[PDB]
Structure formats: C-alpha cells, structure tokens
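Let me begin by presenting the structure, written as structure tokens, before commenting on it.
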Amino acid sequence: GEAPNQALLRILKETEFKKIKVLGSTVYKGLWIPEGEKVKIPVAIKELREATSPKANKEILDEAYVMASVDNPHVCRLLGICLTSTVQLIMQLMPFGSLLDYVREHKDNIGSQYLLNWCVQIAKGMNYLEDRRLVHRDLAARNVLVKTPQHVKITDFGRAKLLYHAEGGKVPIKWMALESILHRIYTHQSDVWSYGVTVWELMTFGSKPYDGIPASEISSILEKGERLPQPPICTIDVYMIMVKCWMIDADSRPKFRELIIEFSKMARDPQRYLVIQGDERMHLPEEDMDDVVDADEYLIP
Ligand SMILES: */C=C\C(=O)Nc1cc(N(C)C)n2nc(C)cc2n1
C-alpha cells in the first residue's frame, strides 16, 4: 500500500514555554525552552478557545498530524503539541506575519527580485507537498508566512488531505480550481490553480481576487472563460504563467517543478519580467536573547 509515517509527535509541558503576547483572536507569540537544553525558540502557539467542542479538537489534531509529517524549508512544520485543558499547537514564530499582510503593508518597498523569489519558494513548498502526495486545498497569500523578507513558508494545513472528494464547509471559492467548485475534485493540479491566484495576489500587492463578485457567480464566470486580469507590474511572460495555472484541463496546467524552473529563470533577470516604479532603490530587512535559536537551526533526531 503506502509507506509508514514515522514522523514524531512531540508532547510539550506547559512550563516549557511562556506566552509573551497575542497575535490573533487565538494565536500567541511565545518562547519555548526545551527541558534542559539551554536554547530559547521564538514560537507561535495556536490554543483552541472553546475546548468543549470535540469536533474542533479533531480539526486541530488533523493539522498537528500534517505539520508533524512535513520537513521542507518552504513548508511550516509543528515543533510539538501541549495537552492542557486546551490543545495548543507550537510552531516556529514567523515574525513578519502573512505574505498577504506584508505585500499590503510594504507595496512601496517590494522589488521584482523579492516577488519572483517568493513565487519560487512557494513553488518549492508545493512541489515538496506533492512529493509527499499531499493536497493543500487552501493555498492563498494569507496562508504563506514570512520568516524574513528573503524567506517564506506555506502554512494552514487545516484542509490538507492525501492522494480527493469532500462534502461541505465554508470554502475559498476565489482560490479554487473549477473542478473543485463543481465536483469537489482536488489534486496537485487544483493546488496549481490556487498557486496562480496566490501569485496574482502578490503581483497586485494583495488585491482581493474578483473583488465585489459574489461567490455564487464565480463558477459561471470561469465556465464563460473569464480569468483574473493581467496585473500592471506583470510582463505577459509572468501573466501567461498565471493564465496556464487557470486552464480547464487540469493536466494542461504547469507542474510545481516547472513553476520553480520558469520563475527561477525569471528571478535571474527580474527587471525583464516585472516592471515596478523605483525597483532599483528597494530595501527591506524578553531580557536575555543570548541562547535564542530560530526553529530552523533547532534539529531533533
Ligand atoms: C511555521 C509554523 C507557523 O505556521 N507559524 C506561525 C503560525 C501562525 N499562525 C497559525 C497564525 N502565525 N501567525 C503569525 C503572526 C506568525 C505565525 N507563525
């Protein structure tokens, strides 16, 4: 059948970490000190609020399952869980937040090199998930986090499944392949569609796709053959890559491995593929922080 999943689920003591502040509302920014290791690891802590919903607890542990099973530089993984009244997911702190929020906040200071490198990094993440026969089903700029402006990771495995037929929920219509909206079919190729929309969000500095169009309309518009428009900064080269991600024949869309290749070629000469005003000028980056270690340098056998 399939290869056994020997990934380790690490159970942490609540005393091993301190919650430093609140990020969203519930996610906290904290520090994790592994028991007798003398390192401090900046962490994001996702703690279930209600904790009285058994349905809810089956949703966060599915996420923990997936995040524990992934190890790639462009995919966020799970450091461990804490089994207090409330289940807490402990993950690498991604200090600069979601790429969606970051392109909105910094539109004026983001050059072609960064945008195309992000497209490459997200293509590697998605290629790695595909190697692991994993379909994300919620790729969007909101679900890509920024460790540094040089370094992004795909997150939110809330809807991730393996290799897919589903039956309801509140769904991201505007990011979904046609076969997904109509027939609840999802493949690596449906993920490529959503990659397409994710790239469009970055190239429009975080514009809402099909802004002010009702979700009930979306399925019809796409059958009528309409797609999101060419963003201003986008050479036809870059936009043609987005448009191929939105072909009706799922096998006619590019493979993540090909998206890596194409965007790498373009990242080698960024000003030839994205036209941005003032591109050349663009510039971006407790008590004892001595024993701080980013999760990426904190490895376990
Ligand atoms: C790389 C693991 C990860 O996903 N960390 C993470 C998660 C979240 N969530 C789930 C909201 N984060 N929010 C912020 C601001 C950082 C952050 N990091």
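Identifiers in the structure tokens: chain A, B, ... in order shown; residue index from 1 per chain; ligand index from 1 in order shown.
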
Legend entry - Selection within 8 Å of ligand 1 by only C-alpha atoms and all ligand atoms, output as a PyMOL selection string: chain A and resi 23-24+27-29+43-46+75-78+90-98+145-147+153-156

Go ahead and dump the residues you just picked, N, CA, C and O atoms, as a tab-separated table (two decimals), in the first residue's frame.
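part24.tsv written:
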chain	number	residue	atom	x	y	z
A	23	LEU	N	-1.38	37.42	19.06
A	23	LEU	CA	-1.14	37.75	17.64
A	23	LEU	C	-2.49	37.85	16.91
A	23	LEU	O	-2.59	38.68	16.02
A	24	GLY	N	-3.47	37.02	17.26
A	24	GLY	CA	-4.77	36.96	16.57
A	24	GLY	C	-5.82	36.34	17.47
A	24	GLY	O	-5.40	35.64	18.42
A	27	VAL	N	-4.01	32.86	18.64
A	27	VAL	CA	-2.56	32.57	18.41
A	27	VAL	C	-1.72	33.52	19.26
A	27	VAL	O	-1.98	34.73	19.22
A	28	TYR	N	-0.72	32.99	19.97
A	28	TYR	CA	0.22	33.80	20.79
A	28	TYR	C	1.63	33.72	20.23
A	28	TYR	O	2.00	32.69	19.67
A	29	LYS	N	2.39	34.80	20.44
A	29	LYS	CA	3.85	34.87	20.26
A	29	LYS	C	4.46	34.46	21.60
A	29	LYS	O	4.07	35.04	22.61
A	43	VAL	N	8.34	31.15	19.15
A	43	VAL	CA	7.25	30.23	18.71
A	43	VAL	C	5.96	31.01	18.57
A	43	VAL	O	5.80	32.04	19.25
A	44	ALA	N	5.10	30.50	17.69
A	44	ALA	CA	3.67	30.84	17.58
A	44	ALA	C	2.89	29.65	18.14
A	44	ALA	O	3.25	28.50	17.84
A	45	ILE	N	1.91	29.95	19.01
A	45	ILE	CA	1.15	28.97	19.84
A	45	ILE	C	-0.33	29.14	19.51
A	45	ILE	O	-0.88	30.21	19.86
A	46	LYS	N	-0.92	28.15	18.83
A	46	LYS	CA	-2.35	28.09	18.46
A	46	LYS	C	-3.11	27.24	19.50
A	46	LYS	O	-2.95	26.01	19.50
A	75	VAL	N	8.04	24.98	3.87
A	75	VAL	CA	6.76	24.49	4.47
A	75	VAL	C	6.92	24.56	5.99
A	75	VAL	O	7.92	24.05	6.51
A	76	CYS	N	5.97	25.21	6.66
A	76	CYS	CA	5.98	25.37	8.14
A	76	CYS	C	5.67	24.02	8.79
A	76	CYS	O	4.72	23.37	8.34
A	77	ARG	N	6.44	23.63	9.81
A	77	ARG	CA	6.21	22.32	10.50
A	77	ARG	C	5.80	22.56	11.95
A	77	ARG	O	5.85	23.71	12.40
A	78	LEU	N	5.42	21.48	12.66
A	78	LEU	CA	4.99	21.57	14.07
A	78	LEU	C	6.16	21.17	14.98
A	78	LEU	O	6.69	20.07	14.84
A	90	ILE	N	2.28	24.16	18.87
A	90	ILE	CA	3.51	25.00	18.97
A	90	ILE	C	4.30	24.89	17.66
A	90	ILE	O	4.68	23.76	17.25
A	91	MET	N	4.56	26.04	17.04
A	91	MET	CA	5.20	26.18	15.72
A	91	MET	C	6.27	27.26	15.78
A	91	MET	O	6.21	28.08	16.71
A	92	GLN	N	7.21	27.24	14.84
A	92	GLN	CA	8.19	28.32	14.56
A	92	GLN	C	7.46	29.66	14.50
A	92	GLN	O	6.47	29.75	13.75
A	93	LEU	N	7.93	30.66	15.24
A	93	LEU	CA	7.40	32.04	15.08
A	93	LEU	C	7.75	32.54	13.69
A	93	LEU	O	8.93	32.49	13.33
A	94	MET	N	6.77	33.01	12.93
A	94	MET	CA	7.05	33.67	11.63
A	94	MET	C	6.88	35.16	11.81
A	94	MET	O	5.79	35.69	11.55
A	95	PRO	N	7.93	35.88	12.28
A	95	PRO	CA	7.76	37.20	12.90
A	95	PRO	C	7.06	38.26	12.03
A	95	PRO	O	6.31	39.03	12.57
A	96	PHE	N	7.26	38.25	10.70
A	96	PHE	CA	6.78	39.30	9.77
A	96	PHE	C	5.35	39.04	9.30
A	96	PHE	O	4.83	39.85	8.50
A	97	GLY	N	4.74	37.95	9.79
A	97	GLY	CA	3.31	37.65	9.59
A	97	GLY	C	3.07	37.06	8.22
A	97	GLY	O	4.03	36.53	7.63
A	98	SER	N	1.82	37.15	7.73
A	98	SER	CA	1.39	36.55	6.45
A	98	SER	C	1.96	37.41	5.33
A	98	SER	O	2.15	38.62	5.55
A	145	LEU	N	3.53	32.44	5.20
A	145	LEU	CA	4.09	33.30	6.28
A	145	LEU	C	5.50	33.71	5.92
A	145	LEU	O	6.13	33.03	5.09
A	146	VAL	N	5.93	34.82	6.52
A	146	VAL	CA	7.23	35.47	6.27
A	146	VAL	C	8.12	35.27	7.51
A	146	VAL	O	7.86	35.92	8.57
A	147	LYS	N	9.14	34.42	7.40
A	147	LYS	CA	10.18	34.29	8.46
A	147	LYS	C	11.10	35.50	8.37
A	147	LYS	O	11.34	36.12	9.38
A	153	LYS	N	7.18	30.49	3.91
A	153	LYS	CA	6.77	29.10	4.17
A	153	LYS	C	5.25	29.02	4.06
A	153	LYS	O	4.57	29.89	4.59
A	154	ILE	N	4.77	28.00	3.36
A	154	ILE	CA	3.34	27.66	3.29
A	154	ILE	C	2.89	27.14	4.65
A	154	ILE	O	3.59	26.28	5.19
A	155	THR	N	1.74	27.60	5.12
A	155	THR	CA	1.14	27.19	6.41
A	155	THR	C	-0.32	26.83	6.15
A	155	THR	O	-0.69	26.68	4.98
A	156	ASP	N	-1.07	26.69	7.25
A	156	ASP	CA	-2.52	26.34	7.34
A	156	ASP	C	-2.79	25.06	6.56
A	156	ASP	O	-3.31	25.14	5.43

Inset, instruction - as JSON, numbers by chain, please: all residues of stretch 195-283 of chain A that backbone DSSP puts in helix (DSSP H, G or I). - result: {"A": [195, 196, 197, 198, 199, 200, 201, 202, 203, 215, 216, 217, 218, 219, 220, 221, 222, 223, 236, 237, 238, 239, 240, 241, 242, 243, 244, 250, 251, 252, 256, 257, 258, 259, 260, 261, 262, 263, 264, 265, 266, 267, 270, 271, 272, 279, 280, 281]}

Mind dumping the selected residues with N, CA and C atoms as a compact mmCIF listing (two decimals), in the first residue's frame?
# COMPACT_ATOMS: atom_id res chain seq x y z
N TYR A 195 -2.16 28.30 -6.68
CA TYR A 195 -0.82 28.93 -6.81
C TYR A 195 -0.94 30.19 -7.70
N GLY A 196 -1.54 30.00 -8.90
CA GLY A 196 -1.92 31.02 -9.89
C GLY A 196 -2.56 32.22 -9.24
N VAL A 197 -3.63 31.99 -8.49
CA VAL A 197 -4.35 33.08 -7.75
C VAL A 197 -3.41 33.66 -6.69
N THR A 198 -2.64 32.83 -5.98
CA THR A 198 -1.71 33.33 -4.94
C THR A 198 -0.71 34.30 -5.59
N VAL A 199 -0.16 33.96 -6.76
CA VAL A 199 0.82 34.82 -7.47
C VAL A 199 0.14 36.15 -7.86
N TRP A 200 -1.07 36.06 -8.40
CA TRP A 200 -1.87 37.26 -8.71
C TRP A 200 -2.00 38.17 -7.48
N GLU A 201 -2.28 37.62 -6.29
CA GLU A 201 -2.36 38.44 -5.06
C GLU A 201 -1.03 39.17 -4.84
N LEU A 202 0.11 38.50 -4.97
CA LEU A 202 1.43 39.14 -4.72
C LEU A 202 1.68 40.24 -5.76
N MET A 203 1.39 40.00 -7.05
CA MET A 203 1.76 40.92 -8.17
C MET A 203 0.83 42.15 -8.13
N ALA A 215 -19.65 34.87 -4.57
CA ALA A 215 -19.04 33.53 -4.72
C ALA A 215 -19.92 32.62 -5.61
N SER A 216 -21.24 32.78 -5.56
CA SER A 216 -22.21 32.03 -6.41
C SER A 216 -21.95 32.33 -7.90
N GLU A 217 -21.44 33.52 -8.23
CA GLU A 217 -21.16 33.95 -9.64
C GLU A 217 -19.93 33.20 -10.18
N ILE A 218 -18.94 32.93 -9.30
CA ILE A 218 -17.54 32.56 -9.67
C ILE A 218 -17.55 31.37 -10.61
N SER A 219 -18.29 30.31 -10.27
CA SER A 219 -18.31 29.07 -11.09
C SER A 219 -18.70 29.40 -12.54
N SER A 220 -19.65 30.33 -12.74
CA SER A 220 -20.26 30.62 -14.07
C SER A 220 -19.28 31.43 -14.93
N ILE A 221 -18.73 32.49 -14.33
CA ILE A 221 -17.66 33.38 -14.87
C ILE A 221 -16.51 32.54 -15.43
N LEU A 222 -16.07 31.53 -14.68
CA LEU A 222 -14.91 30.69 -15.10
C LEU A 222 -15.31 29.74 -16.24
N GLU A 223 -16.58 29.31 -16.31
CA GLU A 223 -17.02 28.39 -17.40
C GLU A 223 -17.12 29.25 -18.67
N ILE A 236 3.78 40.06 -19.93
CA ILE A 236 2.96 38.96 -20.47
C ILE A 236 3.62 37.63 -20.09
N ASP A 237 4.94 37.58 -19.90
CA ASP A 237 5.66 36.31 -19.60
C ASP A 237 5.11 35.77 -18.27
N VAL A 238 5.08 36.63 -17.27
CA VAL A 238 4.63 36.28 -15.91
C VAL A 238 3.13 36.00 -15.96
N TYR A 239 2.35 36.80 -16.69
CA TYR A 239 0.88 36.67 -16.67
C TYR A 239 0.48 35.41 -17.41
N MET A 240 1.23 35.02 -18.42
CA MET A 240 0.94 33.82 -19.22
C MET A 240 1.11 32.60 -18.32
N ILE A 241 2.03 32.69 -17.37
CA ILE A 241 2.27 31.59 -16.40
C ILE A 241 1.07 31.51 -15.47
N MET A 242 0.58 32.64 -14.99
CA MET A 242 -0.65 32.64 -14.15
C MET A 242 -1.81 31.99 -14.93
N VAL A 243 -2.01 32.43 -16.17
CA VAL A 243 -3.17 32.01 -17.00
C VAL A 243 -3.12 30.50 -17.24
N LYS A 244 -1.95 29.93 -17.51
CA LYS A 244 -1.80 28.46 -17.70
C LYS A 244 -2.23 27.72 -16.41
N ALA A 250 -6.98 20.17 -16.17
CA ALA A 250 -6.05 20.18 -15.00
C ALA A 250 -4.64 19.73 -15.40
N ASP A 251 -4.55 18.75 -16.30
CA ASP A 251 -3.25 18.22 -16.80
C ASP A 251 -2.58 19.20 -17.77
N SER A 252 -3.28 20.23 -18.23
CA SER A 252 -2.69 21.25 -19.13
C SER A 252 -2.02 22.34 -18.30
N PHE A 256 4.30 22.04 -10.41
CA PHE A 256 5.08 22.84 -9.44
C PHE A 256 6.56 22.80 -9.83
N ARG A 257 7.07 21.65 -10.24
CA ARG A 257 8.53 21.55 -10.55
C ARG A 257 8.85 22.51 -11.70
N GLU A 258 7.90 22.74 -12.60
CA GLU A 258 8.07 23.58 -13.82
C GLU A 258 7.96 25.05 -13.44
N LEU A 259 7.02 25.34 -12.54
CA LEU A 259 6.83 26.69 -11.98
C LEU A 259 8.12 27.13 -11.29
N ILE A 260 8.78 26.23 -10.55
CA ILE A 260 10.08 26.50 -9.90
C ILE A 260 11.03 26.96 -11.00
N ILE A 261 11.17 26.11 -12.01
CA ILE A 261 12.13 26.33 -13.12
C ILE A 261 11.86 27.70 -13.76
N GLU A 262 10.62 27.94 -14.21
CA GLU A 262 10.26 29.14 -15.00
C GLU A 262 10.55 30.39 -14.16
N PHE A 263 10.09 30.43 -12.91
CA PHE A 263 10.26 31.60 -12.03
C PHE A 263 11.73 31.79 -11.65
N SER A 264 12.51 30.72 -11.58
CA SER A 264 13.96 30.82 -11.28
C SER A 264 14.64 31.50 -12.46
N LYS A 265 14.33 31.04 -13.66
CA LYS A 265 14.83 31.69 -14.89
C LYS A 265 14.51 33.18 -14.78
N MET A 266 13.27 33.56 -14.47
CA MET A 266 12.82 34.97 -14.42
C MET A 266 13.49 35.71 -13.26
N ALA A 267 13.68 35.06 -12.11
CA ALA A 267 14.35 35.63 -10.91
C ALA A 267 15.83 35.93 -11.19
N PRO A 270 15.22 39.79 -12.96
CA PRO A 270 13.89 40.21 -12.51
C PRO A 270 13.29 41.45 -13.21
N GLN A 271 14.13 42.38 -13.64
CA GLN A 271 13.62 43.67 -14.16
C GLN A 271 13.10 43.44 -15.59
N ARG A 272 13.44 42.29 -16.19
CA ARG A 272 12.95 41.92 -17.53
C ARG A 272 11.54 41.34 -17.44
N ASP A 279 12.29 50.26 -8.74
CA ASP A 279 12.65 48.86 -8.41
C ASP A 279 14.09 48.81 -7.86
N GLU A 280 14.98 49.57 -8.48
CA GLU A 280 16.45 49.51 -8.23
C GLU A 280 16.74 49.99 -6.79
N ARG A 281 15.89 50.86 -6.22
CA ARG A 281 16.10 51.57 -4.93
C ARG A 281 15.61 50.74 -3.73

Legend entry - Spatial neighbours of stretch 291-301 of chain A, max dist 7 Å, only C-alpha atoms, sep filter under 6 positions, as an MDAnalysis selection string: chainID A and resid 38:42 92

For the selection just defined, write its residues with N, CA and C atoms to a file, as a compact mmCIF listing (two decimals), in the first residue's frame.
# COMPACT_ATOMS: atom_id res chain seq x y z
N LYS A 38 18.84 24.56 27.19
CA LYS A 38 19.58 25.85 27.25
C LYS A 38 19.57 26.45 25.83
N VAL A 39 18.41 26.40 25.16
CA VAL A 39 18.06 27.18 23.94
C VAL A 39 16.70 27.83 24.19
N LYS A 40 16.42 28.93 23.50
CA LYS A 40 15.13 29.66 23.53
C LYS A 40 14.64 29.77 22.09
N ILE A 41 13.45 29.28 21.79
CA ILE A 41 12.97 29.19 20.39
C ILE A 41 11.73 30.05 20.27
N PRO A 42 11.80 31.16 19.50
CA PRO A 42 10.63 32.00 19.27
C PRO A 42 9.54 31.15 18.59
N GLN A 92 7.21 27.24 14.84
CA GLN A 92 8.19 28.32 14.56
C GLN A 92 7.46 29.66 14.50

Legend entry - Residue nearest residue A:226 - candidates A:6, A:101, A:188, A:178, atoms counted: only C-alpha atoms: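 Between A:6, A:101, A:188, A:178, the residue approaching residue A:226 most closely is A:178.
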
Sort by chain and increasing residue number a table of all residues of stretch 175-249 of chain A within 12 Å of stretch 158-165 of chain A, each with its closest pair of atoms and their distance in Å to one decimal, counting only C-alpha atoms, and write it as JSON lines.
{"residue": "A:179", "atom": "CA", "partner": "A:165", "partner_atom": "CA", "distance": 10.9}
{"residue": "A:180", "atom": "CA", "partner": "A:165", "partner_atom": "CA", "distance": 9.0}
{"residue": "A:181", "atom": "CA", "partner": "A:165", "partner_atom": "CA", "distance": 11.3}
{"residue": "A:182", "atom": "CA", "partner": "A:165", "partner_atom": "CA", "distance": 11.3}
{"residue": "A:183", "atom": "CA", "partner": "A:165", "partner_atom": "CA", "distance": 8.0}
{"residue": "A:184", "atom": "CA", "partner": "A:165", "partner_atom": "CA", "distance": 5.6}
{"residue": "A:185", "atom": "CA", "partner": "A:165", "partner_atom": "CA", "distance": 5.7}
{"residue": "A:186", "atom": "CA", "partner": "A:164", "partner_atom": "CA", "distance": 5.3}
{"residue": "A:187", "atom": "CA", "partner": "A:164", "partner_atom": "CA", "distance": 6.9}
{"residue": "A:188", "atom": "CA", "partner": "A:163", "partner_atom": "CA", "distance": 9.0}
{"residue": "A:189", "atom": "CA", "partner": "A:164", "partner_atom": "CA", "distance": 11.8}
{"residue": "A:190", "atom": "CA", "partner": "A:164", "partner_atom": "CA", "distance": 10.4}
{"residue": "A:191", "atom": "CA", "partner": "A:160", "partner_atom": "CA", "distance": 10.5}

Legend entry - Which residue of A:112, A:193, A:100, A:120 approaches residue A:208 most closely, using only C-alpha atoms: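 Ranked by minimum distance to residue A:208, first place goes to A:100.
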
Legend entry - Non-local contacts of residue A:111 (12 Å; only C-alpha atoms; under 3 positions in same chain excluded) as number ranges by chain: A: 103, 106-108, 114-118, 149-150, 202-203, 205, 233, 267, 270-271, 273-284

Inset, instruction - Run DSSP on the backbone and grab whatever in stretch 4-233 of chain A lands in strand (DSSP E); send it over as a ChimeraX atom specification. - result: /A:17-24,27-32,41-47,78-83,87-92,134-135,144-148,151-154,161-162
